[PDB]
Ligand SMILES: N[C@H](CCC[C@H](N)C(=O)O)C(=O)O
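Quick setup: one chain, the form solved without this ligand, written in structure tokens, and binding and motion questions come after.
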């Protein structure tokens, strides 16, 4: 009766995925799959680590904790072995494509793929859906942070004169963002050139961007993040319906936990690929349906 889960990849969300699986009484961790099996941090000392998911035996579902660019090929491979897949694929514009690619393969092998099951895309996606169900006309805004942006950190690091970089995302409302960029300069680089180059880069040129030089970028890092979603709109013909959702959260802890909840849900769907807005919300939860209904509805 226990849901047998493999963790594929072990980035930041990998360690938190392990924690989420161990905490879930209804899940059995059958092991971790990574390219370098000899890098073993403290928490993987007593955990089966392989470079081939087949060595873990019977596996119901795989949490894909791999880089964005690897998710598609990785999910097809694991669906093709008759294992379910959950990912947190974060590229909004490409989610419809990923769904159709994986739907073909999931259906051929009678398995379920749940895609883009982080907090955004993921949880937040369900809240945005609920807001249109409550008031279909009007405007929704999603406001991120304060939190780190990996994408923007990389983009700033990859400029001439920048040894290391940290980009913070700051919410200014109505989906508008301020970017606070902290840079370690390469010995002998010119600050004003680096600053102008970061501000002019395609990742930053749309947005109010500030750049400050620092000694250590690492001591600024915190995986705390957050969201403030607003909806102002019309229920039927009644205007000025106001809805708001906020959270102050640990980024990878939430991403990994929602992926585990999605993996649980994956076991109760007809073969195919699904965004989290296509899953009944109660399917994300452990326990007896009627106890859950009595507690929640």
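Numbering follows the first chain given and starts at 1.
The form solved in complex with this ligand exists for this protein as well; it is not shown, and the discussion that follows is about that form.
Visitor: Check whether residue 185 has any heavy atom within 4.5 Å of a heavy atom of this ligand in the entry with it bound, and answer yes or no.
Guide: No, residue 185 stays farther than 4.5 Å from this ligand in the entry with it bound.
Visitor: Just checking whether residue 120 would be counted as a contact of this ligand in the entry with it bound - the rule being heavy atoms within 4.5 angstroms.
Guide: Yes.
Visitor: Give a yes/no on whether residue 189 approaches this ligand to within 4.5 Å in the entry with it bound, heavy atoms considered.
Guide: Heavy-atom contact with this ligand at 4.5 Å: absent for residue 189.
Visitor: Any of the heavy atoms of residue 172 lying within 4.5 Å of this ligand in the entry with it bound?
Guide: It does not: once this ligand is placed as it appears in the entry with it bound, residue 172 has no heavy atom within 4.5 Å of it.
Visitor: State the residue from 164, 90, 195, 103 whose non-hydrogen atoms include one within 4.5 Å of this ligand in the entry with it bound.
Guide: Looking at 164, 90, 195, 103 one by one, just 90 meets the 4.5 Å heavy-atom criterion.
Visitor: Go through 241, 230, 269, 251 and name the one with a heavy atom inside 4.5 Å of this ligand in the entry with it bound.
Guide: Of the listed residues, the single hit is 251.
Visitor: Thinking of this ligand in the entry with it bound, which stretch from 149-157, 131-139, 74-82, 209-217 has heavy atoms inside 4.5 Å of it?
Guide: Contact-bearing stretch, as computed: 149-157.
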